[PDB]
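Visitor: Sequence and experimental coordinates follow.
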6 protein chains.
Amino acid sequence: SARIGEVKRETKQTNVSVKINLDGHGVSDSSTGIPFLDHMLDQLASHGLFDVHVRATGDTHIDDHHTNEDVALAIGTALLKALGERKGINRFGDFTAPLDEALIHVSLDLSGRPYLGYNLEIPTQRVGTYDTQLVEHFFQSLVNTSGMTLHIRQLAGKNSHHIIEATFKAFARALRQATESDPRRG
Amino acid sequence: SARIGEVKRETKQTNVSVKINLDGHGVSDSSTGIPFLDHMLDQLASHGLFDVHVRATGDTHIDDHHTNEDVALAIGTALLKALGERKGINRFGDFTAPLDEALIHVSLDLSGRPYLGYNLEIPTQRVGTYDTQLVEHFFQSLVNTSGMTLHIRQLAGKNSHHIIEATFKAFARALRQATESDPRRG
Amino acid sequence: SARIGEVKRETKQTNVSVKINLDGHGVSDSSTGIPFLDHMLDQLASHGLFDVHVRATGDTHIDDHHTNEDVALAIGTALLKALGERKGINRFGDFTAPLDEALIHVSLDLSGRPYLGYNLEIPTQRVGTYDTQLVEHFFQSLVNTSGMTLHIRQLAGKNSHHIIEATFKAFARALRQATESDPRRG
Amino acid sequence: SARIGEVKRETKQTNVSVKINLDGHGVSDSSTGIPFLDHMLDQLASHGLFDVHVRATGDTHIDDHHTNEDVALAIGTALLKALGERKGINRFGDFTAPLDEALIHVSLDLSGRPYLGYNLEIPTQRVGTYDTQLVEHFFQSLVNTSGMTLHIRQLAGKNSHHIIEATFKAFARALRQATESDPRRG
Amino acid sequence: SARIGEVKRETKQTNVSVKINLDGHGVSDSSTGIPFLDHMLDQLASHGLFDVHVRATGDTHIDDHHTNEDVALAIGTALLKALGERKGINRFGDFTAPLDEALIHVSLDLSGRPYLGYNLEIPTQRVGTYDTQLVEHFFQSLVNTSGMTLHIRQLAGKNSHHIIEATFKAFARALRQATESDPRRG
Amino acid sequence: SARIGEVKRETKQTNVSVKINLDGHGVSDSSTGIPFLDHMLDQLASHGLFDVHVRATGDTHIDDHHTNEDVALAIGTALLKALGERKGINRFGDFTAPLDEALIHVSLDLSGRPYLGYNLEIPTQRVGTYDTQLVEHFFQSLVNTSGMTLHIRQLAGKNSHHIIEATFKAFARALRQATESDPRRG
Ligand SMILES: O=P(O)(O)OC[C@H](O)[C@@H](O)c1cnc[nH]1
Ligand SMILES: O=P(O)(O)OC[C@H](O)[C@@H](O)c1cnc[nH]1
Ligand SMILES: O=P(O)(O)OC[C@H](O)[C@@H](O)c1cnc[nH]1
Ligand SMILES: O=P(O)(O)OC[C@H](O)[C@@H](O)c1cnc[nH]1
Ligand SMILES: O=P(O)(O)OC[C@H](O)[C@@H](O)c1cnc[nH]1
Ligand SMILES: O=P(O)(O)OC[C@H](O)[C@@H](O)c1cnc[nH]1
Ligand SMILES: [Mn+2]
Ligand SMILES: [Mn+2]
Ligand SMILES: [Mn+2]
Ligand SMILES: [Mn+2]
Ligand SMILES: [Mn+2]
Ligand SMILES: [Mn+2]
Ligand SMILES: [Mn+2]
Ligand SMILES: [Mn+2]
Ligand SMILES: [Mn+2]
Ligand SMILES: [Mn+2]
Ligand SMILES: [Mn+2]
Ligand SMILES: [Mn+2]
């Protein structure tokens, strides 16, 4: 049956619930209190064919940082849980996706060793109300709990929304590849 | 008994109440009308083991500047009052604390001569709704009324929230050291 | 009697009322819909000893630009009206004022020829909700309708609020000097 | 009556007595054990029309530093005391004075917030037996206890005695302006 | 009683056993098949007062890399286990230690978030038979499984053995501080 | 009982007597014929809680060099003697202390191998009558006879007296730490 991982975590700052199906149909059901992040999690579901269910609340009066971080941490853990024994999967993923003028290359390995390589240069400080420093932190936190090797390379781009969104498209497609069955490893 | 300092000050712009216990247990009770500052004052309490009670209101319609300044001024005065005759204390504090990639070295002396040395380079203009120029002004104002020699050195950091928060962790730990009894000066 | 100038102007975008007494006592009564500008107009009154009455409404949904501009234009006209025949006045003003680390030199002549020389470098984009580009535009518009020669020189400064506020202090003091009676020109 | 401030302070290192009349006639009566400093305090009295009475002794065997510092601290306190409630005064001062080729601009505000901006470049290490590093320290210490905002800008100069002396002339004249009654604030 | 963590892990490449006592007496009992690493683990025990028991074998015919990595991973896990609920500890550590001309500053937080900041510049490729690239990898792997925030700053140094050994001295002393009881958090 | 070291040495150039108590109460009793050095030795006693008794005479007609050197040599020997078998001590010390704008980091190890790392940049040639080249020589000579590893790093500073004095404060505090009992090495 489908590989599903679920995490619930409450702290004094945030409360987060995540459920991810690696064998999904792109069902997008994310509400973090951070609308731009919800849009990116929808991208993860649609471009990766994951089913993504996220609920979070938190101390957004301070800033979006703790919520963003705790959502990412929980997603990484949910991915780890869903992966189970990791038998028979491709393990590696590699994809370069555009959004108009933006072009982002993502390469990853479900290695069990956390590492983020990241060189995005996002030229504005806010996309809507979303602090663009939080993009790197989202991926770093996700890597840290999932135990993923992840490289994100900005090949082109000028519009901040395009850069970030193309990153999520490429990541989702690379992660779909990595999590799928390898037909010669059954 | 415990060294407690209290200040109340009302101006045409702000109204501030501060009570600080140098011999506290980290009781955090700060409401300034500036949520990010409240978070940093919680850090001061938790990392310093001060009991910190702050209430402020002010002209935040203009910007957070007058409130931030008047809170800092009052805290410096409250620290001065709490210190009393300053007998038997370590006087000096020195600590370097991280928050992830950020690393901040704080050195201080409860000297009676105000000085701020500060080289933070905070790469974004807003953390939540908090103007990052206000960090330096908070420490400068606090130094001016407390009569503290304070040096803040940014050794590493990229995320603005991490840089500022690590600064408060390091400051709190250095100030705890300085305010504690020196076992050989009794 | 006192030199008073009054202007009312309604356009499709803004509605502005200004009354200025050159021989005032620093009565501050400004409500523009732009809180930071209200604070600066209070500075004008208090540091210049002008009585300043301003009411404005406008299309702040778009941005503060049209309101800021129309307020400034009306103030310049009100100053011109109040000056009347300009007999017996000092005409020239010259003052350098600080606000903490900021230091601003203003020199002006009530010449009848508009000119703004301005070299402020305001290092952040927003003070509260006030767009810092609007400072230069305020002075330019005021100069244009008053027919003033005005030079503003930033000698020092780092905090944007301090830079802008010191500018208004220096301007107010220079304008007080220029508008006052010359004891040898009666 | 005249605004007079008096300070006496004895430490293990120095003994200092200061009496300053803000409403003086330039009576110069300074003996610090540092002859060049006595000359500068005479300049303060003569160019500011303060009456300045200073007596100091100290550990000049070590160097002039502690004496210079403690004299400056006491002067700042005496100024603060003499100012009293600060009602009706100009508050701000601004003057540029030469001594031959030297030209020094001083701007100050009796603000209650200490700040020194200082860019003198004194090209020799000793004027007589006076260590030229002590000039900055004199002004810094004075600012710290008086709660003054003070900016000192070297516009020209080559001879060290001229640079330092012009600074005291300009400071004295700016401080006279700041401390005098504002005829419209009675 | 004493906080002890134990890890055993066998892979196709290496076999590692670690037992660490956080409340030790500096008992040094390390045999990794990598003599220079054994020397550094002795330093960890002696300078940290940890009891350190390590046994490892592995594919040193290929190079020391897999053994070094797997030892480090296991040590990080053993530290995590030994820490237990982490109640009442200092949590943060900060120390700068020399070895002759080498001087290394280590700052760490037992945060639960892995991060390594590292700027060593080791000027030779081999210390004995030990590949000096393996130093960074040892700390990175240890951080990854322990969930430690760790910064290592080379302040001075020329001799590779001195640089690496001073790093272990400083790390051990910082980790001792972090793991010890905070007398005010009981 | 208290760890006391005493040295007497007469040469054709100087005559020096030193007695140091590592377990002192900050008793300061130094007379070298070099007043600035006496002030620094008082700092050593007060900031380190050493009891420091020094008497020296010498050929100060030539310059202060031989006296300064011979005092330092004797102090290093006295420290070595007082340390005795060096059992149970912390051995390492690490502290960063300010004096106003100056900030100096000292790290040391009572290693038995002499080394001085020193990067002070003292911007004037004389503090009082004390030749500022003699600061480095004092520490070098002390290191050479004590067998100490000592690093002195200037992090900030402009006033020569402040730079040198902060160095002695930091050194004294680091040396107090190194010489004190380690509670876990009894
Ligand atoms: O690539 P998708 O099919 O998910 O479509 C993306 C949308 O165009 C949208 O999110 C967008 C287009 N430009 C910025 N954002
Ligand atoms: O160090 P603390 O125990 O006070 O925890 C701090 C929190 O992690 C939090 O304030 C934070 C983490 N990243 C940004 N902020
Ligand atoms: O100079 P004033 O007496 O008008 O006082 C100004 C206030 O201190 C205030 O507007 C301010 C201080 N720092 C930023 N703003
Ligand atoms: O300007 P004053 O009237 O006080 O006269 C100053 C003197 O000329 C004197 O102090 C001087 C001239 N050159 C260096 N010093
Ligand atoms: O600092 P320790 O007491 O552990 O002694 C270290 C030894 O001197 C030694 O490991 C060494 C000295 N130079 C390189 N290595
Ligand atoms: O830090 P201490 O308590 O020893 O006080 C030092 C004195 O202020 C003094 O030595 C000094 C202050 N500025 C230069 N020297
Ligand atoms: Mn974070
Ligand atoms: Mn989109
Ligand atoms: Mn301010
Ligand atoms: Mn935080
Ligand atoms: Mn316009
Ligand atoms: Mn203001
Ligand atoms: Mn000083
Ligand atoms: Mn002269
Ligand atoms: Mn590897
Ligand atoms: Mn060795
Ligand atoms: Mn010599
Ligand atoms: Mn001194």
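Guide: Structure's in. What do you need? Numbering: from 1, shown residues only, chains lettered A, B, ... in the order given. Ligands and ions are numbered 1, 2, ... in the order given.

Visitor: Please tell me how far stretch A:171-186 is from the chain's geometric centre.
Guide: In this view, stretch A:171-186 has its centroid 16 Å away from the chain centroid, taken as CA atoms, centre = their mean, to the nearest Å.

Visitor: three-state assignment of the residue nearest to residue A:135 when sequence neighbours are not counted?
Guide: In space, and not counting its chain neighbours, residue A:135 is closest to residue A:164: 5.4 Å by CB to CB, 6 or more residues apart in numbering or on different chains. C-beta coordinates here come from the backbone N, C-alpha and C atoms, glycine included. With DSSP: H, G, I helix; E, B strand; the rest coil as the basis, residue A:164 sits in helix.

Visitor: ranges for the helices of chain A?
Guide: Ranges of helices within chain A are A:35-48, A:65-83, A:134-146, A:160-179, based on DSSP state H.

Visitor: Determine the set of other helices and strands touching the longest one.
Guide: Translated: helix A:160-179. helix A:35-48, strand A:92-99, strand A:102-109, strand A:126-127, helix A:134-146, strand A:149-156 (3 or more CB pairs under 8 Å, 6 or more residues apart in numbering or on different chains; DSSP states H and E).

Visitor: and the ones you listed, which is most packed in?
Guide: helix A:134-146 (a mean of 23; mean count of other CB atoms under 10 Å in any protein chain shown).

Visitor: Alpha carbons only: can I get that one in PDB?
Guide: Provided in PDB are the C-alpha atoms of helix A:134-146 (Å, rounded to 0.1, in the frame of the first residue of the first chain):
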ATOM      1  CA  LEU A 134      12.900  31.700   4.800                       C
ATOM      2  CA  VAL A 135      13.300  29.800   1.600                       C
ATOM      3  CA  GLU A 136      16.800  28.600   2.500                       C
ATOM      4  CA  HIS A 137      15.700  27.800   6.000                       C
ATOM      5  CA  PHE A 138      12.800  25.700   4.800                       C
ATOM      6  CA  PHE A 139      15.100  23.500   2.800                       C
ATOM      7  CA  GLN A 140      17.800  23.400   5.500                       C
ATOM      8  CA  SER A 141      15.300  22.300   8.200                       C
ATOM      9  CA  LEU A 142      13.700  19.700   5.800                       C
ATOM     10  CA  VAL A 143      17.100  18.300   5.000                       C
ATOM     11  CA  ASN A 144      18.100  18.100   8.600                       C
ATOM     12  CA  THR A 145      15.200  15.900   9.700                       C
ATOM     13  CA  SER A 146      14.800  13.900   6.500                       C
END
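
Visitor: I would like the residues contacting it, please.
Guide: The list of residues contacting helix A:134-146 from outside it, by CB atoms under 8 Å, 6 or more residues apart in numbering or on different chains, reads A:37, A:40, A:64-65, A:68-69, A:71-77, A:79-80, A:110, A:114-116, A:118, A:120, A:122, A:148-150, A:152, A:164, A:167, A:171, B:158-159, E:113-114.

Visitor: again, only using 7 Å
Guide: Residues outside helix A:134-146 that contact it (CB atoms under 7 Å, 6 or more residues apart in numbering or on different chains): A:64-65, A:68-69, A:72-73, A:75-77, A:79-80, A:114-116, A:118, A:120, A:122, A:150, A:152, A:164, B:159, E:113-114.

Visitor: Check stretch A:176-186 too.
Guide: Against stretch A:176-186 from outside (CB under 7 Å, 6+ apart): A:22, A:48-49, A:88-95, A:108, A:110.

Visitor: how far does that stretch stretch from start to finish?
Guide: Using CA to CA, to the nearest Å, one end of stretch A:176-186 lies 18 Å from the other.

Visitor: Any residue of that stretch touching ligand 1?
Guide: No - figure legend: stretch A:176-186 not in contact with ligand 1 (CB under 6 Å from any ligand atom); closest approach 13.9 Å.

Visitor: Could you list the buried residues of that stretch?
Guide: Within stretch A:176-186, the residues that count as buried by 16 or more other CB atoms under 10 Å in any protein chain shown are A:176, A:177, A:178, A:179, A:180.

Visitor: ok, the last one to residue A:48 distance?
Guide: Separation of residue A:180 from residue A:48 (CB to CB, to the nearest Å) stands at 10 Å.

Visitor: Count the neighbours of residue A:111 for me.
Guide: By other CB atoms under 10 Å in any protein chain shown, 16 other residues sit near residue A:111.

Visitor: which residues touch the one residue in chain A that gets nearest to ligand 5?
Guide: Residue nearest to ligand 5 within chain A: residue A:113 (30.8 Å; CB to the nearest ligand atom). Contact analysis of residue A:113 by CB under 7 Å, 6+ apart lists A:147, A:149, E:144.

Visitor: let's go with 6 Å and repeat that
Guide: Residues near residue A:113 by CB atoms under 6 Å, 6 or more residues apart in numbering or on different chains: none.

Visitor: Run through the bridge partners of residue A:55.
Guide: Beta-bridge pairing for residue A:55 (DSSP bridges): residue A:17, residue A:31.

Visitor: any idea which of the buried residues of stretch A:176-186 is the one closest to chain E?
Guide: Nearest to chain E out of these is residue A:178 (CB to the nearest CB; 19.5 Å).

Visitor: Who is the nearest residue to that closest one once chain neighbours are set aside paired with across the strands?
Guide: In this structure, residue A:178 finds its nearest non-sequential neighbour in residue A:93, 3.6 Å apart by CB to CB, 6+ apart. Beta-bridge pairing for residue A:93 (DSSP bridges): residue A:108.

Visitor: so who does whatever residue of chain A ends up closest to chain F touch?
Guide: Scanning chain A for the residue nearest chain F gives residue A:133, at 28.2 Å (criterion: CB to the nearest CB). Contacts for residue A:133 were tallied using CB under 6 Å, 6+ apart; they are residue B:159.

Visitor: Count the residues that sit near the closest residue to ligand 4 within chain A.
Guide: Closest approach between chain A and ligand 4, counting by CB to the nearest ligand atom: residue A:125, at 53.7 Å. By the criterion of other CB under 10 Å, residue A:125 has 16 neighbours.

Visitor: Next: residue A:80.
Guide: 18.

Visitor: got it, and residue A:85?
Guide: 6.

Visitor: Cheers, nothing more for now.
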